[PDB]
Amino acid sequence: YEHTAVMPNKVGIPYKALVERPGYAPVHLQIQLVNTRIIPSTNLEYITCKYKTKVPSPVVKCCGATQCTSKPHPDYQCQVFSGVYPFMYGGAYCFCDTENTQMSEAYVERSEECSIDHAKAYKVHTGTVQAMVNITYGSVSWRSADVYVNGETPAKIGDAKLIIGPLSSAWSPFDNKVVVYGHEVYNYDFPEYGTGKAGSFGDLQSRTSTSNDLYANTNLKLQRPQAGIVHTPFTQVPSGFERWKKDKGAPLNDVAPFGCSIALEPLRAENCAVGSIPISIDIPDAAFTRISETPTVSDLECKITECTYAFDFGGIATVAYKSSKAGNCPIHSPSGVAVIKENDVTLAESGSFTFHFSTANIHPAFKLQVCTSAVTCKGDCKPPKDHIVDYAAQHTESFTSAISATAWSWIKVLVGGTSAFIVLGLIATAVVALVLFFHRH
Amino acid sequence: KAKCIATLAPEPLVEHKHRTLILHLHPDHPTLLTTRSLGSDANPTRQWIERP
Ligand SMILES: *[C@@H]1O[C@H](CO)[C@@H](O)[C@H](O)[C@H]1NC(C)=O
């Protein structure tokens, strides 16, 4: 038997319903999401990391001159400094006083840390949505499996076939461009490959951490060696990756709305409480028992003994009943006015049972279904004492949930009196108009 | 890649008021405090707490 319904996209809050198959006693169904994962499709654009400046041994040509040549090295620099007279530990290196040239060379490489300490720039496109669903029904214990939230792919969970509809909201916390560093994700419109500026995030760009073609854009400039010293001095703009690591700002993990939790393997946003999720579950035919084979419950009377509209199961109610064939009977409240904690109760030939519920209404009025029967529960609920709680609300608050009977009375008096004032004025006007007409005629 | 032991700031004192959370922070070292709403508007907050 296929049961179709819509459940809110909430994690940790179970969805409860009664599967009513004509001719069979209701089967209690409870569906709870363990986690919801939005897994977008990503394409690695390039890898950024701290650069290393490699400086080969300078060519010191004594009593002569050399010329620099271009080489296929990132940000390669070469300059011939004429008129050098370097000294070594063993004395003057060159003989000629000024007819000597030092050719300095330098180029940029990926540092050793780049294997571990690097940021991955990704292009993010719409991917897939998956969830872990926990389901129990009737006398079958809790079973769970990974399912695809697409409304097409069915999943077999404890002999039950579950089809989870697509999320009503296509919202995703990732922009078209994200930067992944360590465990943190940043929404960052990184520069296109080959466009990174010196001292900025993209100063060093590599298509992959093991590529042999490195883009480097730093103001690497060779300076003249100091008089008499064999060395290759250079100036360069400080690594824009280190700078970025200082000014990263808040990661997506700390600013994603709806409480999304960001994970990286694979990149995904977990437990985003957006929209609702249509569902369809085919319960096995063996889980249903014929009506004549289940207990008959009658003479139901529901008394609310205590109630507070707290986020927890603050309500307590006692139901008196008369029945036959003592046995288990499911309990459910079809309306959203109250959420019942217990899923089923044991009924004797006569007596009473109690159940707990959570409600946001100051004057809750809800129907309670006791298998083949139902009763109406009414009462008053006190305000909760705790200002802050560490758990999410079980109930749902409606527009009229907070309006008390006194507030309704005042609204009725307001509208009735105002309307009566206008109505009386109009009636008096009509009466006088008729009197004037009769005066003329 | 290795596992490093990072400091653990002292547990804050938490006081509750109507729709308000009051935190008394007594850090030992500059400690980052971040918060966000779980609604449609994250309204994130990020500040380094250096003194009580
Ligand atoms: C499903 O729910 C039951 C009861 O809440 C729990 O024992 C079980 O571990 C849950 N399944 C998973 C995968 O957490």
# chains A, B, ... in the order shown; residues from 1 in each chain; ligands from 1

$ interface_residues --of "chain B" --to "chain A" --cutoff "8 Å" --atoms "only C-alpha atoms" --output "number ranges by chain"
B: 1, 16-21, 34-44, 46

$ residues_around --residues "residue 315 in chain A" --least-positions-apart "5" --cutoff "8 Å" --atoms "only C-alpha atoms" --output "count of residues only"
10

$ closest_residue --among "A:267, A:140, A:106, A:160" --to "residue 123 in chain A" --atoms "only C-alpha atoms"
A:267

$ residues_near_ligand --ligand "ligand 1" --cutoff "8 Å" --atoms "only C-alpha atoms and all ligand atoms" --output "PyMOL selection string"
chain A and resi 32+34+132-136+142-145

$ select_by_dssp --residues "range 84-293 of chain A" --states "helix (DSSP H, G or I)" --output "PyMOL selection string"
chain A and resi 112-115+201-203+240-247+252-255+257-259+285-287+291-293

$ residues_around --residues "residue 166 in chain A" --least-positions-apart "2" --cutoff "10 Å" --atoms "only C-alpha atoms" --output "list in words"
residues 128, 129, 130, 148, 149, 150, 151, 152, 163, 164, 168, 169, 170, 276, 277, 278 and 279 of chain A

$ write_last_selection --atoms "N, CA and C atoms" --output "PDB file, in the first residue's frame"
ATOM      1  N   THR A 128      23.578  16.807  -6.957  1.00  0.00           N
ATOM      2  CA  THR A 128      22.557  15.890  -6.480  1.00  0.00           C
ATOM      3  C   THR A 128      22.278  16.169  -5.010  1.00  0.00           C
ATOM      4  N   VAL A 129      21.155  15.643  -4.530  1.00  0.00           N
ATOM      5  CA  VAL A 129      20.759  15.763  -3.131  1.00  0.00           C
ATOM      6  C   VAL A 129      20.516  14.365  -2.584  1.00  0.00           C
ATOM      7  N   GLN A 130      21.163  14.045  -1.468  1.00  0.00           N
ATOM      8  CA  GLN A 130      21.018  12.748  -0.827  1.00  0.00           C
ATOM      9  C   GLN A 130      20.656  12.947   0.636  1.00  0.00           C
ATOM     10  N   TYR A 148      18.230   8.897  -2.501  1.00  0.00           N
ATOM     11  CA  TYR A 148      18.441  10.065  -3.343  1.00  0.00           C
ATOM     12  C   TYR A 148      17.186  10.925  -3.319  1.00  0.00           C
ATOM     13  N   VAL A 149      17.344  12.193  -2.950  1.00  0.00           N
ATOM     14  CA  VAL A 149      16.202  13.115  -2.860  1.00  0.00           C
ATOM     15  C   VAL A 149      16.029  13.695  -4.257  1.00  0.00           C
ATOM     16  N   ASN A 150      15.383  12.912  -5.120  1.00  0.00           N
ATOM     17  CA  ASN A 150      15.105  13.327  -6.487  1.00  0.00           C
ATOM     18  C   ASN A 150      13.695  12.989  -6.943  1.00  0.00           C
ATOM     19  N   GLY A 151      12.916  12.254  -6.153  1.00  0.00           N
ATOM     20  CA  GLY A 151      11.562  11.894  -6.509  1.00  0.00           C
ATOM     21  C   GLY A 151      11.447  10.775  -7.515  1.00  0.00           C
ATOM     22  N   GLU A 152      12.564  10.191  -7.939  1.00  0.00           N
ATOM     23  CA  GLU A 152      12.556   9.119  -8.924  1.00  0.00           C
ATOM     24  C   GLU A 152      13.146   7.828  -8.382  1.00  0.00           C
ATOM     25  N   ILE A 163      10.309   6.401  -1.826  1.00  0.00           N
ATOM     26  CA  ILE A 163      10.644   7.373  -2.860  1.00  0.00           C
ATOM     27  C   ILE A 163      10.539   8.754  -2.234  1.00  0.00           C
ATOM     28  N   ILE A 164      11.661   9.460  -2.152  1.00  0.00           N
ATOM     29  CA  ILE A 164      11.710  10.780  -1.536  1.00  0.00           C
ATOM     30  C   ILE A 164      11.695  11.824  -2.643  1.00  0.00           C
ATOM     31  N   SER A 168      11.485  21.078  -2.136  1.00  0.00           N
ATOM     32  CA  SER A 168      10.655  22.129  -2.705  1.00  0.00           C
ATOM     33  C   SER A 168      11.456  23.385  -3.011  1.00  0.00           C
ATOM     34  N   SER A 169      12.604  23.566  -2.366  1.00  0.00           N
ATOM     35  CA  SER A 169      13.473  24.710  -2.595  1.00  0.00           C
ATOM     36  C   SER A 169      14.786  24.241  -3.205  1.00  0.00           C
ATOM     37  N   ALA A 170      15.183  24.872  -4.307  1.00  0.00           N
ATOM     38  CA  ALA A 170      16.437  24.566  -4.979  1.00  0.00           C
ATOM     39  C   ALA A 170      17.611  25.335  -4.387  1.00  0.00           C
ATOM     40  N   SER A 276      10.263  21.791   2.038  1.00  0.00           N
ATOM     41  CA  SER A 276       9.656  20.541   2.467  1.00  0.00           C
ATOM     42  C   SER A 276      10.030  19.451   1.475  1.00  0.00           C
ATOM     43  N   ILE A 277       9.769  18.205   1.859  1.00  0.00           N
ATOM     44  CA  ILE A 277      10.157  17.056   1.046  1.00  0.00           C
ATOM     45  C   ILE A 277       8.958  16.147   0.798  1.00  0.00           C
ATOM     46  N   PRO A 278       8.446  16.051  -0.429  1.00  0.00           N
ATOM     47  CA  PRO A 278       7.403  15.057  -0.708  1.00  0.00           C
ATOM     48  C   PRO A 278       7.950  13.650  -0.536  1.00  0.00           C
ATOM     49  N   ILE A 279       7.094  12.745  -0.064  1.00  0.00           N
ATOM     50  CA  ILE A 279       7.500  11.368   0.180  1.00  0.00           C
ATOM     51  C   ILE A 279       6.409  10.415  -0.279  1.00  0.00           C
TER      52      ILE A 279
END

$ select_by_dssp --residues "chain B" --states "strand (DSSP E or B)" --output "VMD selection string"
chain B and resid 13 to 17 20 to 24 31 to 35 45 to 49

$ write_last_selection --atoms "C-alpha atoms" --output "PDB file, in the first residue's frame"
ATOM      1  CA  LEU B  13      29.019  31.555  31.746  1.00  0.00           C
ATOM      2  CA  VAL B  14      25.608  31.559  30.055  1.00  0.00           C
ATOM      3  CA  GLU B  15      22.677  33.656  31.282  1.00  0.00           C
ATOM      4  CA  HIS B  16      19.239  33.500  29.663  1.00  0.00           C
ATOM      5  CA  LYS B  17      16.770  36.329  29.064  1.00  0.00           C
ATOM      6  CA  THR B  20      18.384  36.925  24.476  1.00  0.00           C
ATOM      7  CA  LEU B  21      21.541  34.911  25.147  1.00  0.00           C
ATOM      8  CA  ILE B  22      24.099  36.588  27.427  1.00  0.00           C
ATOM      9  CA  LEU B  23      27.619  35.135  27.364  1.00  0.00           C
ATOM     10  CA  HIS B  24      30.364  36.093  29.821  1.00  0.00           C
ATOM     11  CA  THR B  31      39.794  33.641  21.249  1.00  0.00           C
ATOM     12  CA  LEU B  32      37.523  33.872  18.215  1.00  0.00           C
ATOM     13  CA  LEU B  33      33.774  34.023  18.879  1.00  0.00           C
ATOM     14  CA  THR B  34      31.417  33.457  15.949  1.00  0.00           C
ATOM     15  CA  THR B  35      27.633  33.214  15.827  1.00  0.00           C
ATOM     16  CA  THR B  45      28.978  37.738  13.759  1.00  0.00           C
ATOM     17  CA  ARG B  46      32.758  37.362  14.023  1.00  0.00           C
ATOM     18  CA  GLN B  47      34.946  39.008  16.659  1.00  0.00           C
ATOM     19  CA  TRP B  48      38.155  38.210  18.535  1.00  0.00           C
ATOM     20  CA  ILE B  49      37.784  38.338  22.327  1.00  0.00           C
TER      21      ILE B  49
END

$ atom_distance --atom1 "CA of residue 232 in chain A" --atom2 "CA of residue 66 in chain A"
15.9 Å

$ decode --residues "range 16-47 of chain B" --atoms "N, CA and C atoms" --output "CSV table (one decimal), in the first residue's frame"
chain,number,residue,atom,x,y,z
B,16,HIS,N,20.3,33.5,30.6
B,16,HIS,CA,19.2,33.5,29.7
B,16,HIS,C,18.2,34.6,30.0
B,17,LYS,N,17.8,35.3,29.0
B,17,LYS,CA,16.8,36.3,29.1
B,17,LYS,C,15.8,36.1,27.9
B,18,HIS,N,14.7,36.8,28.0
B,18,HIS,CA,13.7,36.6,26.9
B,18,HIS,C,14.3,36.9,25.5
B,19,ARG,N,14.3,35.9,24.7
B,19,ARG,CA,14.9,36.0,23.3
B,19,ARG,C,16.3,36.6,23.3
B,20,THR,N,17.0,36.4,24.4
B,20,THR,CA,18.4,36.9,24.5
B,20,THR,C,19.3,35.9,25.2
B,21,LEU,N,20.5,35.7,24.6
B,21,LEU,CA,21.5,34.9,25.1
B,21,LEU,C,22.7,35.8,25.6
B,22,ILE,N,23.0,35.8,26.9
B,22,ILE,CA,24.1,36.6,27.4
B,22,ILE,C,25.3,35.7,27.8
B,23,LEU,N,26.4,35.9,27.1
B,23,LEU,CA,27.6,35.1,27.4
B,23,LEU,C,28.7,36.0,28.1
B,24,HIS,N,29.2,35.5,29.1
B,24,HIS,CA,30.4,36.1,29.8
B,24,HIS,C,31.6,35.3,29.5
B,25,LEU,N,32.5,35.9,28.7
B,25,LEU,CA,33.7,35.3,28.1
B,25,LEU,C,34.9,35.7,28.9
B,26,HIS,N,35.7,34.7,29.3
B,26,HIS,CA,36.9,35.0,30.1
B,26,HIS,C,38.0,34.2,29.4
B,27,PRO,N,38.5,34.7,28.3
B,27,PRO,CA,39.5,33.9,27.6
B,27,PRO,C,40.9,34.1,28.2
B,28,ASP,N,41.8,33.1,27.9
B,28,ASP,CA,43.2,33.1,28.3
B,28,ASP,C,44.0,33.8,27.2
B,29,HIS,N,43.7,33.6,26.0
B,29,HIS,CA,44.4,34.1,24.8
B,29,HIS,C,43.3,34.6,23.9
B,30,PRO,N,43.7,35.5,22.9
B,30,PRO,CA,42.7,35.9,21.9
B,30,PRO,C,42.0,34.8,21.3
B,31,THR,N,40.7,34.7,21.6
B,31,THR,CA,39.8,33.6,21.2
B,31,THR,C,38.7,34.2,20.3
B,32,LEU,N,38.5,33.5,19.2
B,32,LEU,CA,37.5,33.9,18.2
B,32,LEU,C,36.1,33.4,18.6
B,33,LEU,N,35.2,34.3,18.6
B,33,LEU,CA,33.8,34.0,18.9
B,33,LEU,C,33.0,34.3,17.6
B,34,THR,N,32.3,33.3,17.1
B,34,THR,CA,31.4,33.5,15.9
B,34,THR,C,30.0,32.9,16.2
B,35,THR,N,29.0,33.6,15.7
B,35,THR,CA,27.6,33.2,15.8
B,35,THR,C,26.9,33.4,14.5
B,36,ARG,N,25.8,32.7,14.4
B,36,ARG,CA,25.0,32.9,13.2
B,36,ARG,C,23.5,32.4,13.5
B,37,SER,N,22.6,33.1,12.9
B,37,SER,CA,21.2,32.6,13.1
B,37,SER,C,20.9,31.4,12.2
B,38,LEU,N,20.0,30.6,12.6
B,38,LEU,CA,19.6,29.4,11.9
B,38,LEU,C,18.4,29.6,11.0
B,39,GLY,N,18.1,30.8,10.7
B,39,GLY,CA,17.0,31.2,9.9
B,39,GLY,C,17.4,31.5,8.4
B,40,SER,N,16.6,32.1,7.7
B,40,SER,CA,16.9,32.4,6.3
B,40,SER,C,17.9,33.5,6.2
B,41,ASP,N,18.2,34.2,7.2
B,41,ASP,CA,19.3,35.2,7.3
B,41,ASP,C,20.3,34.9,8.3
B,42,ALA,N,21.4,34.4,7.9
B,42,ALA,CA,22.4,34.0,8.9
B,42,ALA,C,22.9,35.1,9.8
B,43,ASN,N,22.9,36.3,9.4
B,43,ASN,CA,23.3,37.5,10.2
B,43,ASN,C,24.6,37.1,11.0
B,44,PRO,N,25.6,36.7,10.3
B,44,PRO,CA,26.8,36.2,11.0
B,44,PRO,C,27.5,37.3,11.8
B,45,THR,N,28.2,36.9,12.9
B,45,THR,CA,29.0,37.7,13.8
B,45,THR,C,30.3,37.1,14.0
B,46,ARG,N,31.4,37.9,13.9
B,46,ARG,CA,32.8,37.4,14.0
B,46,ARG,C,33.6,38.4,14.7
B,47,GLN,N,34.1,38.1,15.9
B,47,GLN,CA,34.9,39.0,16.7
B,47,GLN,C,35.9,38.2,17.5
